[PDB]
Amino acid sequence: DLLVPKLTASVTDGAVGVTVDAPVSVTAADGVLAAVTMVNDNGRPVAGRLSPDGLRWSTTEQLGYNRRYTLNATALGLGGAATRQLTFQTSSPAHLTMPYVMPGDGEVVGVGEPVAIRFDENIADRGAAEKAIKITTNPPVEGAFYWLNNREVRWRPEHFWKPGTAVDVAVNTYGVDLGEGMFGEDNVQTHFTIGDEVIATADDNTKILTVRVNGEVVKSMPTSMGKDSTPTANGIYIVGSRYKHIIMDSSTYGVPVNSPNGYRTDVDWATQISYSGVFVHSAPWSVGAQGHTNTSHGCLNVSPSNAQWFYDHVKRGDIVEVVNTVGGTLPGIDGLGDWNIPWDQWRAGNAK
């Protein structure tokens, strides 16, 4: 004997806290869908599509926070007709946080470049945030998340990227509970590629900044680094932004200008390598000391032509390594200091 059609939805009638990170769907068995409509509270229909075989209907546009939706579906079969009405209520956030991802879409960056997702609000459930961030790499390589502060999480492999790696970042935070009633305001997505290996090494024993490109020495720059009382920290630096010129203002990095180690200086050809305020930059006033003596507040002073060369040939995500200074080691949570955190510590993370 014949059977009556059955209607199954990806939600149920009376549901609350329905999350809007996924489409809503309806499926017919023992029959086909003859009509499916979904309206919000205000009678506005929601866009949807019925599969060609008539069995599956799904929403096709974003579903909104704080809504009551009503589904009406009818299924017909040889055995008769069935109709259902489902009303459900979606998540009601207390807060919304918007994520901002670096590096930029379509960019080509150095082998030291981490994926960065910065939220504009403190994240209570770091684990939920991590889970919602989908990273694809090609060639595939293991990586892991680490939080630099309450708002910004970083993802990187254990070692520098292999040049030519495609990296894809899907921050799928819309509809996701990030804790304490905070939900993602929107999704973001970036895709970037790893370019040549560029590693510049500043050795305090020689006072030379050597630039190597895929293992080959292409540039050797006499440099003057931080004087003993304001040394350049040892360790690994990720290259950040670059400037044809910039006013370096110590107060930006915590030191009052009118302090003994304060300064406010206009400089050319400046490449930032730490949030703490270390740059490679043109320093014509210390060209005599470069290659011989440290005289700066911590920056890598090099000649005008070498600073410009550095500006022209080094890109975001390239690496500067400092060795043998009287300084300590650059903090791992500096912002550009990710690689100074040991991998076991990085991999274990701090989602807590």
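Rigid core here is just the name for the largest C-alpha set that superposes within 1.5 Å across the two forms. In this text, residue numbers run from 1 along the sequence as written.
Participant: Do you reckon 201-209 or 258-266 strays further from the shown form in 6 other deposited structures of this protein, measuring C-alpha RMS after a core fit?
Facilitator: Of 201-209 and 258-266, the stretch deviating more in 6 other deposited structures of this protein is 258-266.
Participant: Relative to the presented form, and with the rigid core used for superposition, do the C-alpha atoms of 245-253 or of 190-198 deviate more in 6 other deposited structures of this protein?
Facilitator: Farther from the shown form on average in 6 other deposited structures of this protein: 245-253.
Participant: Taking the other compared PDB entries with both flanking residues modelled, is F88 unmodelled in at least a third?
Facilitator: Other entries vs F88: at least a third skip it.
Participant: Is it true that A170 has no coordinates in a third or more of the other entries in the comparison?
Facilitator: No, modelled in all of them.
Participant: Which has the higher mean CA temperature factor in the PDB entry, 247-255 or 266-274?
Facilitator: The deposited B-factors put 247-255 ahead on the C-alpha mean.
Participant: Please compare 186-194 with 75-83 and say which has the higher mean C-alpha temperature factor in the record.
Facilitator: Taking the mean B-factor of the alpha carbons in each, 75-83 is higher.
Participant: Highest CA temperature factor in the entry: which of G54, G298, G43, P304?
Facilitator: Each of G54, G298, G43, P304 was compared by C-alpha B-factor; the highest is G43.
Participant: I'd like to know which of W161, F119, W147, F88 has the highest C-alpha temperature factor in the PDB entry.
Facilitator: Max CA B-factor in the entry, restricted to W161, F119, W147, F88: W147.
Participant: Could you place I123 in the lowest, middle or highest third of its chain by Cα temperature factor, using the values in the record?
Facilitator: Tercile = highest for this residue's CA B-factor.
Participant: Looking at the temperature factor on the CA atom of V32, which third of the chain's modelled residues does it land in?
Facilitator: Its C-alpha B-factor belongs to the middle third of this chain's values.
Participant: How does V24 rank on Cα B-factor within its chain, lowest, middle or highest third?
Facilitator: It falls in the bottom third of the chain.
Participant: If you rank the chain by CA B-factor, which third does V326 end up in: lowest, middle or highest?
Facilitator: Within its chain, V326 is a highest-third residue by C-alpha B-factor, going by the deposited values.
Participant: Tell me, lowest, middle or highest third: where does the Cα B factor of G317 rank within its chain?
Facilitator: Bottom third by C-alpha B-factor.
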